[PDB]
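Below is one structure, written out as structure tokens, with a few remarks after it.
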Amino acid sequence: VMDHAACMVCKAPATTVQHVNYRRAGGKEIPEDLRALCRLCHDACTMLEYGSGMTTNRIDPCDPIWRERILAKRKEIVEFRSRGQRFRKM
Amino acid sequence: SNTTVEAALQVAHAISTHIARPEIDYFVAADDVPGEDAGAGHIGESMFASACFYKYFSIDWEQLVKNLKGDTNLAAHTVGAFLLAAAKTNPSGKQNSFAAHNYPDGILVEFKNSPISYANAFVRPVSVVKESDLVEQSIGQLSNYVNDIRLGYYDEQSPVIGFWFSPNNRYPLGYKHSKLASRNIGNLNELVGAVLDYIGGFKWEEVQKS
Amino acid sequence: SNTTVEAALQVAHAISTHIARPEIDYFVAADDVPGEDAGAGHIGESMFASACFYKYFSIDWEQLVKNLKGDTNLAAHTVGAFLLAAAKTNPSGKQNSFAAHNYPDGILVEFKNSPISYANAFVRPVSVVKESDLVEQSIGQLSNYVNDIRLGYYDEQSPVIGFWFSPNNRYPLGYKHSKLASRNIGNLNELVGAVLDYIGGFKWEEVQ
Amino acid sequence: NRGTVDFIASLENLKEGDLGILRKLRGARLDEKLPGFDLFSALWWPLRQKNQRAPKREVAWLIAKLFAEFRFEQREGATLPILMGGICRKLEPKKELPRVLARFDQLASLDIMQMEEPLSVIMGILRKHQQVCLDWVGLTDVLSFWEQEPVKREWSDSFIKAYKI
Amino acid sequence: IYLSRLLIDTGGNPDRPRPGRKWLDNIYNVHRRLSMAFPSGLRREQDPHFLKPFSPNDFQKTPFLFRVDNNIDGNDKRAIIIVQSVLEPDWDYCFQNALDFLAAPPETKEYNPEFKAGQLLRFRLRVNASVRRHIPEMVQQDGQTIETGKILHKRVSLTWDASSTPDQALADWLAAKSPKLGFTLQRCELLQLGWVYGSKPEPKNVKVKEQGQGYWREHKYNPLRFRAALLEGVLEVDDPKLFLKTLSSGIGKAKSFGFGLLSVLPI
RNA sequence: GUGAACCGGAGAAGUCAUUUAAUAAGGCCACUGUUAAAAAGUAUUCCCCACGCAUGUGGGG
Ligand SMILES: [Zn+2]
């Protein structure tokens, strides 16, 4: 509700939330530690930090340095994804 | 138990015989004007821009009879009512009262034992500038293809013929030399009577009840 | 025992000669009684496509008689009725809602000692021009590839004889002024009889 | 654990097509090919969002690829050091046994990213000696908690106990 | 004033993600995006790349009118959005992170419409067939209950007599109010009659946590249903000082959700 | 403011030289994804506010 039902980078109806600072988790986090995102952008963010070795300071989508890589990963997802596989798995 | 009942009617997705005409652009009004009741604008064109459509139905008599558990006259009434309904019904609203333009320009009732579609007559698009003879050349293409198929895939065991309806307008006497046409009909009720006569020998005006 | 029986017929996956354009038919289920009181997205997704397919069968004349234990007349009847059924049957998948009982506009029957598939004709997609249609261009490219194979991998001991079927000669095997097949045929049962009497003197009357 | 057991059951629930999808991706990361990412996400994410102690993404990806290429039925009491000890006490102790021992001991100096290929070598040795069972859950837990000392101590102790029977 | 054009791909491969086509599922989403296409000065300077959180109070609330129709361009299906506003829109700032929403780049043209008496314009218009009934609350309860008693005044869809046609009914519904907005209709042809659906979030105050500072806010989604009627025809003009105000504003209620846009072509 | 207090085991050093893991193997035989649908001839459109209240007009999400 703090972000008015909008994904942060692509400005679409947000359906998930991505953490930035991980040193509050387990049920003690603050609303300023979390950023709202949609499915495509959060999947791109998950791809961008798989084996990057980030422990406590993860990807911040509001940072204007991570915009290009997120956009490129989003373009790759749009070009190569298959909705049938995801619909079949669930 | 087996709740599923087998269908006795197959209907194809009705496809046009020409390319899809684009609608009128409205973003161009800020930059220019078509003129003072001139073209690309006030042309009239009767009321609107129509579109020719090719429709296809395939009713199987045996499955229809076995679906109703006998009652052969009721199935005949259903066939006649379905044909009359399909002739003069618009798919959406705005029901016609009496306009005579809702009547189709061509019906080809055939009595095969194997279903054949003539949709391949319009693989080559029917391009024209004048919409008056667009229907006429569509009937011409359909006539050429039906002649080709009916004398190319022809077997001697079941040589069958059919009927045809038009408003005696788009050359109904003069296509394919009336090899398939046999009875040429200009009336809807007379065509339904002919179909009911060929099927079992009934007539449309006789049976209207259970 | 050896329950394995090898083969007599090979069928390839039928593929279109052009780039496919799949579609979605957005269907909805209209209620009969007013008073549904449901306003949401109740639309559905059902898919379909239209294409021009290239099919390729192959019947081994020997090893079919061998599987039939020397019954040459039963083998001839099998070949003839297979020709009939493959020419005049389509898969019964969603035919009650699409009704696409279309008939082939060209059949090419060959007799040769080694199997060749002309599916490499349509490696380039068949783009449609305004002057022609899809089927005519497809038959033209097939004729091009058939002639190039005929004058290419060509042997002197092994002759090749082929027919060419089209309804009322609507679509001849179009390749300039060059006629490829040895006998153009405009009827189906006539070509079935021609193949049957090439096979060694079988007719479409007593074998059934 | 329970996330590991559910993950292994889900992996064994796969069919030949998805196993081939995972098999085509050996030696690759997770953020490279979309079908592999989609399959692994749809197999792993509900378990992670349900169980807090589900295996990490890298460990689960490694076990998924190893199961794809080296499909072994899940059984309890068939851990990797036990089978390596059973195999190792059948060769001559002069040439082959030091080589296999060095191959097994290389794993202690590797982190979890650079461990698909030595584990593939060990499982190829297992497959060459007609093995059809493995403990995937215990291996997954050991890989999840790897940089600690007691886990490596138990690994080597199990190897010694299998070797000196 | 200005007219803007957006093109969206409707066909394409249906097994791929198509976020441009999925955007047209909710009309509140369309309205919100078109509102985000109106930056408010310092928002551009503070956020040139549009990455800070979206705030409705940080954008201008000037009204605009838009219409979503469909067309065919040679051999492809397209969805056209025509946006009519009063300030210059900024489509560069709006879709700069969503270039894949639009199949073609947006266009904008200046509109200077004025027509003296004697113009037979050809018009297209999608109205909201809405009416406030005097007795719209019978409380038709469901289940075992069928009739309880309460009364309120609410907006509902237009209804016509069973002996009449929807075409003529909508024609007289438009002609009844027509001299107030300043035009005379010669032909009125009904082309469509349907519904428009959407959803909207609303904050709700669930209980305060330890120093929650203004309760804990949770989103709750409420539906939006409209009855839409699209129609073309030919109309004359009279009192152009009234027709210009008719063109500046919309016709009928729910003007902010795609309705009321009057498209006129001079003839 | 204690067998304690006060208190350096320190300086120094190439493990260098030599080495193909080589010769070989078809993953083969079998399989409909079938049965279904109006985005439209309705009888309540999910909320707020100006007016006098003859199945009322205007304005905003
Ligand atoms: Zn997003």
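Ordering of the structure tokens sets the chain letters (A, B, ...); residue numbers start at 1 within each chain; ligands are numbered from 1 in the order shown.
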
Query raised in the report: If you run DSSP on this backbone, which residues of range 15-158 of chain C come out as helix (DSSP H, G or I), and could you give them as a PyMOL selection string?
Result: chain C and resi 72-87+95-98+118-123+134-150

**Report entry** Test item: chain B residues at most 10 Å from chain E, counting only C-alpha atoms, as a PyMOL selection string
**Finding:** chain B and resi 19-42+47-48+92-95

Query raised in the report: What do you get as a PyMOL selection string if you pick all residues at most 9 Å from ligand 1, counting only C-alpha atoms (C1' of nucleotides) and all ligand atoms?
Result: (chain A and resi 6-14+36-42+74) or (chain E and resi 97-98)

Query - Within 10 Å of chain E: residues of chain C, using only C-alpha atoms, as a list in words - result: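 That gives residues 20, 21, 22, 23, 24, 35, 37, 39, 40, 41 and 47 of chain C for chain C.
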
Query raised in the report: Would you list which chain A residues are within 9 Å of chain E using only C-alpha atoms, as a ChimeraX atom specification?
Result: /A:1-13,61-64,67,71,75,77-84

Please produce a file of those selected residues containing N, CA, C and O atoms, as a short mmCIF file (atom, residue, chain, number, x, y, z; two decimals), in the first residue's frame.
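Generated file (selection-v2.cif):
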```
data_model
loop_
_atom_site.label_atom_id
_atom_site.label_comp_id
_atom_site.auth_asym_id
_atom_site.auth_seq_id
_atom_site.Cartn_x
_atom_site.Cartn_y
_atom_site.Cartn_z
N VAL A 1 0.82 -1.21 0.00
CA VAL A 1 0.00 0.00 0.00
C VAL A 1 0.86 1.27 0.00
O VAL A 1 0.43 2.31 -0.52
N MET A 2 2.09 1.20 0.54
CA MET A 2 2.99 2.35 0.52
C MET A 2 3.32 2.77 -0.91
O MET A 2 3.38 3.96 -1.22
N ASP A 3 3.56 1.80 -1.79
CA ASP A 3 3.63 2.03 -3.22
C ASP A 3 2.27 1.68 -3.80
O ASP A 3 1.79 0.56 -3.61
N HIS A 4 1.66 2.62 -4.52
CA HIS A 4 0.24 2.50 -4.83
C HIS A 4 -0.05 1.43 -5.88
O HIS A 4 -0.48 1.74 -6.99
N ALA A 5 0.19 0.16 -5.51
CA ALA A 5 -0.11 -1.01 -6.35
C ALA A 5 0.55 -0.92 -7.72
O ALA A 5 -0.03 -1.28 -8.74
N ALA A 6 1.79 -0.43 -7.73
CA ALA A 6 2.54 -0.25 -8.97
C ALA A 6 3.94 -0.83 -8.81
O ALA A 6 4.59 -0.61 -7.78
N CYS A 7 4.39 -1.57 -9.82
CA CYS A 7 5.77 -2.04 -9.84
C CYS A 7 6.71 -0.84 -9.93
O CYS A 7 6.37 0.20 -10.50
N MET A 8 7.89 -0.97 -9.34
CA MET A 8 8.74 0.20 -9.18
C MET A 8 9.39 0.63 -10.49
O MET A 8 9.41 1.82 -10.81
N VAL A 9 9.93 -0.31 -11.25
CA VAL A 9 10.72 0.07 -12.42
C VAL A 9 9.86 0.16 -13.68
O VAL A 9 9.95 1.14 -14.42
N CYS A 10 8.98 -0.81 -13.93
CA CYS A 10 8.19 -0.82 -15.15
C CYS A 10 6.79 -0.24 -14.98
O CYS A 10 6.09 -0.07 -15.98
N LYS A 11 6.38 0.06 -13.74
CA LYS A 11 5.10 0.69 -13.42
C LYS A 11 3.91 -0.12 -13.96
O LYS A 11 3.14 0.34 -14.80
N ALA A 12 3.79 -1.33 -13.45
CA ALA A 12 2.70 -2.24 -13.73
C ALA A 12 2.12 -2.69 -12.40
O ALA A 12 2.76 -2.50 -11.36
N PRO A 13 0.88 -3.22 -12.39
CA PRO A 13 0.32 -3.76 -11.15
C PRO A 13 1.22 -4.77 -10.45
O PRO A 13 1.47 -5.86 -10.96
N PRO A 61 15.98 -1.95 -6.97
CA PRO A 61 15.45 -1.55 -8.29
C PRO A 61 15.31 -0.05 -8.47
O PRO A 61 15.34 0.43 -9.61
N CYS A 62 15.16 0.72 -7.39
CA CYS A 62 15.10 2.17 -7.52
C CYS A 62 16.44 2.79 -7.86
O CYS A 62 16.48 3.96 -8.26
N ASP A 63 17.53 2.04 -7.72
CA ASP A 63 18.84 2.55 -8.10
C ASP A 63 18.93 2.69 -9.62
O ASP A 63 18.61 1.74 -10.34
N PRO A 64 19.34 3.85 -10.13
CA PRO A 64 19.41 4.05 -11.58
C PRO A 64 20.65 3.47 -12.24
O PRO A 64 20.93 3.83 -13.39
N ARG A 67 19.23 -0.20 -13.84
CA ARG A 67 18.10 -0.11 -14.76
C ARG A 67 18.37 -0.84 -16.07
O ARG A 67 17.50 -1.57 -16.57
N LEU A 71 16.30 -4.03 -17.56
CA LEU A 71 15.58 -3.90 -18.83
C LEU A 71 16.01 -4.96 -19.83
O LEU A 71 15.18 -5.53 -20.55
N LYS A 75 13.69 -7.88 -21.44
CA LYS A 75 13.57 -8.12 -22.88
C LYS A 75 13.84 -9.58 -23.21
O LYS A 75 13.13 -10.18 -24.03
N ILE A 77 13.37 -12.15 -21.19
CA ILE A 77 12.24 -12.92 -20.69
C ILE A 77 11.05 -12.80 -21.64
O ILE A 77 10.39 -13.80 -21.94
N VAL A 78 10.77 -11.59 -22.12
CA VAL A 78 9.66 -11.39 -23.05
C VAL A 78 9.90 -12.17 -24.34
O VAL A 78 8.98 -12.77 -24.90
N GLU A 79 11.15 -12.20 -24.81
CA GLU A 79 11.45 -12.86 -26.08
C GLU A 79 11.43 -14.38 -25.97
O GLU A 79 11.00 -15.06 -26.91
N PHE A 80 11.87 -14.95 -24.85
CA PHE A 80 12.15 -16.38 -24.80
C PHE A 80 11.23 -17.20 -23.90
O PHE A 80 11.32 -18.43 -23.93
N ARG A 81 10.36 -16.57 -23.11
CA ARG A 81 9.54 -17.35 -22.19
C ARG A 81 8.41 -18.07 -22.93
O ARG A 81 7.97 -17.66 -24.00
N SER A 82 7.95 -19.16 -22.33
CA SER A 82 6.81 -19.92 -22.83
C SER A 82 5.78 -20.03 -21.72
O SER A 82 6.05 -20.63 -20.68
N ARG A 83 4.60 -19.46 -21.95
CA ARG A 83 3.54 -19.49 -20.95
C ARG A 83 3.01 -20.90 -20.73
O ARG A 83 2.49 -21.21 -19.65
N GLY A 84 3.12 -21.76 -21.75
CA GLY A 84 2.57 -23.10 -21.64
C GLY A 84 3.26 -23.95 -20.60
O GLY A 84 2.62 -24.71 -19.88
#
```

Requested in this report: May I have the residues within 10 Å of residue 66 in chain B as a PyMOL selection string, using only C-alpha atoms (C1' of nucleotides) and disregarding those fewer than 4 positions away in the same chain?
Outcome: chain B and resi 6+8+61-62+70-72+75

Report task. Show me which bits of chain B are within 10 Å of chain C, counting only C-alpha atoms, as a ChimeraX atom specification. Result -> /B:6-14,56-58,114-120,122-125,127,144-145,147-156

Report task. Measure the distance from CA of residue 112 in chain D to CA of residue 147 in chain D in Å and round it to one decimal. Result ->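 Between CA of residue 112 in chain D and CA of residue 147 in chain D the gap is 9.3 Å.
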
Requested in this report: Kindly determine which residues of chain D lie within 10 Å of chain A, considering only C-alpha atoms, and give the answer as a list in words.
Outcome: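 Going by the stated atoms only, the list reads residues 29, 30, 31, 32, 33, 34, 35, 37, 38, 39, 41, 42, 43, 52, 57, 58 and 113 of chain D.
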
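Residues from chain F found within 9 Å of chain B are residues 35, 38, 40 and 41 of chain F, counting only C-alpha atoms (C1' of nucleotides).
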
Export of prior selection with N, CA, C and O atoms (P, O5', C5', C4', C3', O3' and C1' of nucleotides) as a PDB file, in the first residue's frame:
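Contents of the output file result-v7.pdb:
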```pdb
ATOM      1  P     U F  35     -12.710 -33.724 -30.010  1.00  0.00           P
ATOM      2  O5'   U F  35     -13.957 -33.809 -29.027  1.00  0.00           O
ATOM      3  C5'   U F  35     -15.146 -34.480 -29.415  1.00  0.00           C
ATOM      4  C4'   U F  35     -16.015 -34.783 -28.223  1.00  0.00           C
ATOM      5  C3'   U F  35     -16.641 -33.581 -27.531  1.00  0.00           C
ATOM      6  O3'   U F  35     -17.816 -33.111 -28.170  1.00  0.00           O
ATOM      7  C1'   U F  35     -15.671 -35.018 -25.916  1.00  0.00           C
ATOM      8  P     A F  38     -22.890 -20.846 -26.252  1.00  0.00           P
ATOM      9  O5'   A F  38     -22.812 -19.271 -26.463  1.00  0.00           O
ATOM     10  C5'   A F  38     -21.589 -18.630 -26.790  1.00  0.00           C
ATOM     11  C4'   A F  38     -21.787 -17.590 -27.860  1.00  0.00           C
ATOM     12  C3'   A F  38     -20.862 -16.386 -27.807  1.00  0.00           C
ATOM     13  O3'   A F  38     -19.610 -16.673 -28.417  1.00  0.00           O
ATOM     14  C1'   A F  38     -23.115 -15.702 -28.213  1.00  0.00           C
ATOM     15  P     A F  40     -20.677 -10.628 -29.188  1.00  0.00           P
ATOM     16  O5'   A F  40     -21.907 -11.158 -28.330  1.00  0.00           O
ATOM     17  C5'   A F  40     -23.211 -11.252 -28.891  1.00  0.00           C
ATOM     18  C4'   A F  40     -24.254 -10.647 -27.982  1.00  0.00           C
ATOM     19  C3'   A F  40     -24.745  -9.259 -28.388  1.00  0.00           C
ATOM     20  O3'   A F  40     -26.120  -9.123 -28.042  1.00  0.00           O
ATOM     21  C1'   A F  40     -23.826  -9.160 -26.222  1.00  0.00           C
ATOM     22  P     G F  41     -27.182  -8.655 -29.150  1.00  0.00           P
ATOM     23  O5'   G F  41     -28.553  -8.522 -28.353  1.00  0.00           O
ATOM     24  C5'   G F  41     -28.611  -7.857 -27.095  1.00  0.00           C
ATOM     25  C4'   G F  41     -29.973  -7.974 -26.451  1.00  0.00           C
ATOM     26  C3'   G F  41     -30.527  -9.393 -26.314  1.00  0.00           C
ATOM     27  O3'   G F  41     -31.239  -9.512 -25.085  1.00  0.00           O
ATOM     28  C1'   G F  41     -32.039  -8.065 -27.553  1.00  0.00           C
TER      29        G F  41
END
```

Query raised in the report: Do you know which residues are at most 10 Å from residue 43 in chain F counting only C-alpha atoms (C1' of nucleotides), after dropping those on the same chain fewer than 3 positions away, and could you put them as number ranges by chain?
Result: C: 34-35; E: 136, 156-161

Print the selection's residues with C-alpha atoms to a file, as a short mmCIF file (atom, residue, chain, number, x, y, z; two decimals), in the first residue's frame.
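The resulting again-v7.cif:
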```
data_model
loop_
_atom_site.label_atom_id
_atom_site.label_comp_id
_atom_site.auth_asym_id
_atom_site.auth_seq_id
_atom_site.Cartn_x
_atom_site.Cartn_y
_atom_site.Cartn_z
CA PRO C 34 -30.98 -13.56 -16.75
CA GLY C 35 -29.77 -13.05 -13.19
CA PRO E 136 -33.77 0.75 -8.78
CA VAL E 156 -27.80 1.37 -13.73
CA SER E 157 -27.81 0.45 -17.41
CA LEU E 158 -30.30 1.77 -19.94
CA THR E 159 -33.25 -0.49 -20.77
CA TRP E 160 -35.61 -0.47 -23.75
CA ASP E 161 -39.17 -1.63 -24.37
#
```

Each chain C residue no farther than 10 Å from chain F, nearest pair in Å, only C-alpha atoms (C1' of nucleotides), as a Markdown table:
```
| residue | atom | partner | partner_atom | distance |
| --- | --- | --- | --- | --- |
| C:4 | CA | F:29 | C1' | 7.0 |
| C:5 | CA | F:29 | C1' | 8.6 |
| C:6 | CA | F:29 | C1' | 7.5 |
| C:7 | CA | F:29 | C1' | 9.8 |
| C:26 | CA | F:39 | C1' | 8.6 |
| C:27 | CA | F:37 | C1' | 6.3 |
| C:28 | CA | F:37 | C1' | 6.0 |
| C:29 | CA | F:37 | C1' | 4.9 |
| C:30 | CA | F:38 | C1' | 6.2 |
| C:31 | CA | F:38 | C1' | 9.5 |
| C:34 | CA | F:43 | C1' | 9.2 |
| C:35 | CA | F:43 | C1' | 9.9 |
| C:37 | CA | F:44 | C1' | 9.0 |
| C:39 | CA | F:45 | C1' | 9.4 |
| C:42 | CA | F:39 | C1' | 9.5 |
| C:43 | CA | F:39 | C1' | 7.9 |
| C:44 | CA | F:37 | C1' | 9.0 |
| C:91 | CA | F:32 | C1' | 8.3 |
| C:92 | CA | F:32 | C1' | 8.4 |
| C:93 | CA | F:34 | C1' | 7.5 |
| C:94 | CA | F:34 | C1' | 8.9 |
| C:97 | CA | F:36 | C1' | 9.6 |
```

Could you dump the residues just selected with C-alpha atoms as a PDB file, in the first residue's frame?
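Just written: again20.pdb:
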```
ATOM      1  CA  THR C   4       8.122 -57.888 -33.236  1.00  0.00           C
ATOM      2  CA  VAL C   5       6.804 -57.310 -36.764  1.00  0.00           C
ATOM      3  CA  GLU C   6       9.008 -54.820 -38.546  1.00  0.00           C
ATOM      4  CA  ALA C   7       7.043 -52.427 -40.798  1.00  0.00           C
ATOM      5  CA  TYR C  26     -11.969 -16.104 -27.260  1.00  0.00           C
ATOM      6  CA  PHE C  27     -15.034 -18.114 -26.266  1.00  0.00           C
ATOM      7  CA  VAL C  28     -17.521 -17.299 -23.526  1.00  0.00           C
ATOM      8  CA  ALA C  29     -20.322 -19.387 -22.019  1.00  0.00           C
ATOM      9  CA  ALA C  30     -23.521 -17.352 -22.209  1.00  0.00           C
ATOM     10  CA  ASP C  31     -26.049 -18.141 -19.496  1.00  0.00           C
ATOM     11  CA  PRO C  34     -30.977 -13.560 -16.748  1.00  0.00           C
ATOM     12  CA  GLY C  35     -29.767 -13.050 -13.194  1.00  0.00           C
ATOM     13  CA  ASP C  37     -25.053 -11.386 -11.161  1.00  0.00           C
ATOM     14  CA  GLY C  39     -19.293  -9.294 -13.489  1.00  0.00           C
ATOM     15  CA  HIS C  42     -15.161 -14.986 -17.716  1.00  0.00           C
ATOM     16  CA  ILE C  43     -13.572 -15.106 -21.174  1.00  0.00           C
ATOM     17  CA  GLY C  44     -11.869 -18.290 -22.354  1.00  0.00           C
ATOM     18  CA  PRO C  91      -8.264 -36.312 -38.507  1.00  0.00           C
ATOM     19  CA  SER C  92     -11.390 -36.056 -36.363  1.00  0.00           C
ATOM     20  CA  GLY C  93     -10.006 -33.439 -33.993  1.00  0.00           C
ATOM     21  CA  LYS C  94     -12.445 -30.628 -33.133  1.00  0.00           C
ATOM     22  CA  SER C  97     -16.629 -26.886 -34.202  1.00  0.00           C
TER      23      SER C  97
END
```

Requested in this report: Might you pull out every residue within 12 Å of residue 51 in chain D, with only C-alpha atoms (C1' of nucleotides) counted and same-chain residues fewer than 2 positions away left off, and present them as JSON, numbers by chain?
Outcome: {"D": [1, 2, 3, 4, 5, 6, 7, 44, 45, 46, 47, 48, 49, 53, 54, 55, 56]}

For N, CA, C and O atoms, I'd like the residues from the last selection saved as a PDB file, in the first residue's frame.
```pdb
ATOM      1  N   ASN D   1      14.984 -32.615   7.742  1.00  0.00           N
ATOM      2  CA  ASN D   1      14.329 -31.528   7.027  1.00  0.00           C
ATOM      3  C   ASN D   1      13.112 -32.033   6.258  1.00  0.00           C
ATOM      4  O   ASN D   1      12.925 -33.237   6.095  1.00  0.00           O
ATOM      5  N   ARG D   2      12.281 -31.102   5.796  1.00  0.00           N
ATOM      6  CA  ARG D   2      11.115 -31.426   4.989  1.00  0.00           C
ATOM      7  C   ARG D   2      11.125 -30.761   3.621  1.00  0.00           C
ATOM      8  O   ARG D   2      10.589 -31.334   2.670  1.00  0.00           O
ATOM      9  N   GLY D   3      11.734 -29.580   3.492  1.00  0.00           N
ATOM     10  CA  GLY D   3      11.888 -28.981   2.177  1.00  0.00           C
ATOM     11  C   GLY D   3      12.755 -29.817   1.255  1.00  0.00           C
ATOM     12  O   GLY D   3      12.493 -29.912   0.055  1.00  0.00           O
ATOM     13  N   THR D   4      13.796 -30.444   1.809  1.00  0.00           N
ATOM     14  CA  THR D   4      14.655 -31.317   1.016  1.00  0.00           C
ATOM     15  C   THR D   4      13.911 -32.560   0.543  1.00  0.00           C
ATOM     16  O   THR D   4      14.055 -32.973  -0.614  1.00  0.00           O
ATOM     17  N   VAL D   5      13.115 -33.172   1.425  1.00  0.00           N
ATOM     18  CA  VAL D   5      12.374 -34.376   1.057  1.00  0.00           C
ATOM     19  C   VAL D   5      11.347 -34.061  -0.023  1.00  0.00           C
ATOM     20  O   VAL D   5      11.195 -34.812  -0.997  1.00  0.00           O
ATOM     21  N   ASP D   6      10.636 -32.941   0.127  1.00  0.00           N
ATOM     22  CA  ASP D   6       9.670 -32.528  -0.885  1.00  0.00           C
ATOM     23  C   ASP D   6      10.356 -32.184  -2.200  1.00  0.00           C
ATOM     24  O   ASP D   6       9.830 -32.493  -3.276  1.00  0.00           O
ATOM     25  N   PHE D   7      11.533 -31.552  -2.135  1.00  0.00           N
ATOM     26  CA  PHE D   7      12.279 -31.237  -3.349  1.00  0.00           C
ATOM     27  C   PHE D   7      12.702 -32.500  -4.087  1.00  0.00           C
ATOM     28  O   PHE D   7      12.583 -32.580  -5.315  1.00  0.00           O
ATOM     29  N   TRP D  44      10.679 -25.327  -7.394  1.00  0.00           N
ATOM     30  CA  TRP D  44      11.326 -24.998  -6.129  1.00  0.00           C
ATOM     31  C   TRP D  44      10.654 -23.882  -5.343  1.00  0.00           C
ATOM     32  O   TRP D  44      10.649 -23.935  -4.112  1.00  0.00           O
ATOM     33  N   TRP D  45      10.096 -22.867  -6.009  1.00  0.00           N
ATOM     34  CA  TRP D  45       9.614 -21.683  -5.301  1.00  0.00           C
ATOM     35  C   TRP D  45       8.479 -21.931  -4.303  1.00  0.00           C
ATOM     36  O   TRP D  45       8.526 -21.323  -3.219  1.00  0.00           O
ATOM     37  N   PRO D  46       7.436 -22.734  -4.588  1.00  0.00           N
ATOM     38  CA  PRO D  46       6.441 -23.003  -3.529  1.00  0.00           C
ATOM     39  C   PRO D  46       7.031 -23.646  -2.285  1.00  0.00           C
ATOM     40  O   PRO D  46       6.611 -23.330  -1.162  1.00  0.00           O
ATOM     41  N   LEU D  47       8.010 -24.531  -2.459  1.00  0.00           N
ATOM     42  CA  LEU D  47       8.653 -25.167  -1.316  1.00  0.00           C
ATOM     43  C   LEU D  47       9.442 -24.158  -0.496  1.00  0.00           C
ATOM     44  O   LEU D  47       9.449 -24.225   0.738  1.00  0.00           O
ATOM     45  N   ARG D  48      10.122 -23.223  -1.162  1.00  0.00           N
ATOM     46  CA  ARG D  48      10.858 -22.191  -0.440  1.00  0.00           C
ATOM     47  C   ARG D  48       9.913 -21.251   0.297  1.00  0.00           C
ATOM     48  O   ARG D  48      10.178 -20.867   1.441  1.00  0.00           O
ATOM     49  N   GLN D  49       8.799 -20.876  -0.335  1.00  0.00           N
ATOM     50  CA  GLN D  49       7.859 -19.980   0.325  1.00  0.00           C
ATOM     51  C   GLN D  49       7.074 -20.675   1.431  1.00  0.00           C
ATOM     52  O   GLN D  49       6.516 -19.994   2.296  1.00  0.00           O
ATOM     53  N   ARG D  53      13.466 -23.566   5.917  1.00  0.00           N
ATOM     54  CA  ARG D  53      14.773 -24.212   5.820  1.00  0.00           C
ATOM     55  C   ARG D  53      14.894 -25.065   4.564  1.00  0.00           C
ATOM     56  O   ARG D  53      15.518 -26.129   4.576  1.00  0.00           O
ATOM     57  N   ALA D  54      14.292 -24.613   3.468  1.00  0.00           N
ATOM     58  CA  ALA D  54      14.463 -25.256   2.180  1.00  0.00           C
ATOM     59  C   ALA D  54      15.893 -25.048   1.685  1.00  0.00           C
ATOM     60  O   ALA D  54      16.567 -24.105   2.106  1.00  0.00           O
ATOM     61  N   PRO D  55      16.391 -25.933   0.813  1.00  0.00           N
ATOM     62  CA  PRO D  55      17.752 -25.760   0.292  1.00  0.00           C
ATOM     63  C   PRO D  55      17.897 -24.469  -0.500  1.00  0.00           C
ATOM     64  O   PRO D  55      16.943 -23.969  -1.097  1.00  0.00           O
ATOM     65  N   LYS D  56      19.109 -23.923  -0.482  1.00  0.00           N
ATOM     66  CA  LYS D  56      19.396 -22.698  -1.207  1.00  0.00           C
ATOM     67  C   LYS D  56      19.317 -22.946  -2.714  1.00  0.00           C
ATOM     68  O   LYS D  56      19.264 -24.085  -3.182  1.00  0.00           O
TER      69      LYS D  56
END
```

Query raised in the report: So which residues touch residue 11 in chain D within 12 Å, counting only C-alpha atoms (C1' of nucleotides), skipping near sequence neighbours fewer than 4 positions away, as a list in words?
Result: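 So the residues in contact are residues 4, 5, 6, 7, 15, 16, 18, 19, 22, 39, 40, 42, 43, 44, 60, 61, 63, 64, 65, 66, 67, 68, 71, 72, 73, 74, 136 and 137 of chain D.
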